[PDB]
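Two forms of a single protein chain come next, each set out by itself as structure tokens; they are called structure 1 and structure 2.
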Structure 1
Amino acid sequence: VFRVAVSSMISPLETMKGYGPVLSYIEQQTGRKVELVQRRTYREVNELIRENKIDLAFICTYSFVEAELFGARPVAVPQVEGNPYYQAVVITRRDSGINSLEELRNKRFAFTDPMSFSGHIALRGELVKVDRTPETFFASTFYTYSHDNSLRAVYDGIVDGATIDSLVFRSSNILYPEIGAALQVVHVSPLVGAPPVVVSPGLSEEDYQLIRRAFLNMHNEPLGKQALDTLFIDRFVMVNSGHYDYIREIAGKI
């Protein structure tokens, strides 16, 4: 059995963003039965990787910085419009009268996961530049553990702003026209490498090299093209560890 970990509450069978076809592609290319190992938090997934309880993991960019150091081996990174990179976007309602990050001082703010770059760490990085923390900048903060729920909370006026994954913002806009319609990007982070796919430290070298070829050729296989449409990406390309140097810089400054 081939164990694939995701940090996501999205079902592989979801009508809208179901990634089941990604799992079918991995079955076809590895000739293994795939077992999905789904967890709410990034920390749970990194612990599974650290303990070799899984074979393959879709992890986040901050999680990767930590996971690389305990031997997680990089497979590939998604590419959208020729770009294997993304950024944090700070989102408000167009009708909020909140048109910049400075206008979110003393407002309610949503994070996703404490270990998310686009959902937490990027924004903590921006606030270092004005010598603040989220605790002394915003009126309140919250962890949604969901880029989609952070989006919905800004939409409903539950929070005044949120920081989310630019790729989720893009995909959300394709699936839910209201998002592009009612929400605005008021601030962005620096660019970093997109969220990578890794194997466990323990996975055999033979299996690792098989998976690497499967991901880097996904755009060449009909079931692979189906999988890429469910993930809203063009293809996978090789990981460049240097593309996460900014995340490493933020981490040191806390």
Structure 2
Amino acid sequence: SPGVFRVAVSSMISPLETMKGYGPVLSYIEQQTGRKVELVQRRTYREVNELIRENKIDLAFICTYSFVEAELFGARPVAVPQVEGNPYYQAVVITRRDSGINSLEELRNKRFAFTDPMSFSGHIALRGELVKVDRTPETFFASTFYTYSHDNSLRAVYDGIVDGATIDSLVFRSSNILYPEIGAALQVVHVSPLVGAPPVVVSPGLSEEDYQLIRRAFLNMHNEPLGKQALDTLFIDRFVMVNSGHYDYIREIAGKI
């Protein structure tokens, strides 16, 4: 009798390994709710946000900028991940060490990779920064491309297809371990201000009781056997309460457009 519980995620973070990564947390949500869980994947964060707006899903793992837009149509924050190292989050701008392009400023009239249009670390951080010099990516760079992948943006800089890219600090860190030939060739030439971890949200339609039940389940996940397995599989220490202030920098550059 309980209705299906739908969880939306981006298909482009871990191609071919998304159900592999999320499977245990979907099983945890089934244990805590008694509802069958369906994983809903989309290539773009615009598509995921429209599913949230239309109440076509219950819960979504969205990126930070997606969250700023989603809150304005009544998406409610559940919790934020705390990752091993209890890290901080920023956009890093990367070039090749051998490019002779040693600053964000020197990428004027150069080729640049973004990820998703609705990504902070993959797009909006750079668009926001360029307002300071009365420019947009289109009027600052020779050309831009949306790769829809932090890893593919990284690869495009490595292969000399673009001169620079903006990507997630955590993805750069993780990629430098996995791919050391690529790591060795790349340099961070600019870092953005710090912002909060990407929040988990529920759709505006979900009941107050369902919201409270799911929030409790996330905030208590690290104390449950199935929850610990879910956290280990996503390489997350635990989920903690959202601090709205952590996204105020994103809200401010969003307003300057």
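Start at 1 and count along the sequence of structure 1; that gives the residue numbers used here. Throughout, rigid core stands for the largest set of C-alpha atoms superposing within 1.5 Å between the two forms.
Engineer: Is it true that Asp156 shifts between structures 1 and 2 by 2 Å or more at the Cα, once the core is aligned?
Structural biologist: After core superposition, the displacement of the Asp156 C-alpha between structures 1 and 2 stays below 2 Å, so no.
Engineer: After the core is overlaid between structures 1 and 2, has the C-alpha of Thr41 moved by 2 angstroms or more?
Structural biologist: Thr41: C-alpha displaced by less than 2 Å between structures 1 and 2.
Engineer: Comparing between structures 1 and 2 on the rigid core, is the C-alpha shift at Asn99 2 Å or larger?
Structural biologist: For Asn99, whose C-alpha is compared between structures 1 and 2 after core superposition, the shift is less than 2 Å.
Engineer: Give me the C-alpha shift of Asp131 between structures 1 and 2, core superposed, in Å.
Structural biologist: A shift of 1.4 Å.
Engineer: Could the core-superposed CA displacement of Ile233 between structures 1 and 2 be given in angstrom, to one decimal?
Structural biologist: Comparing the two forms, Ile233 shifts 3.8 Å at C-alpha.
Engineer: Keeping the rigid core superposed, can you check how far the CA atom of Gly82 moves between structures 1 and 2, in angstrom?
Structural biologist: Reported C-alpha shift between structures 1 and 2: 5.3 Å at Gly82.
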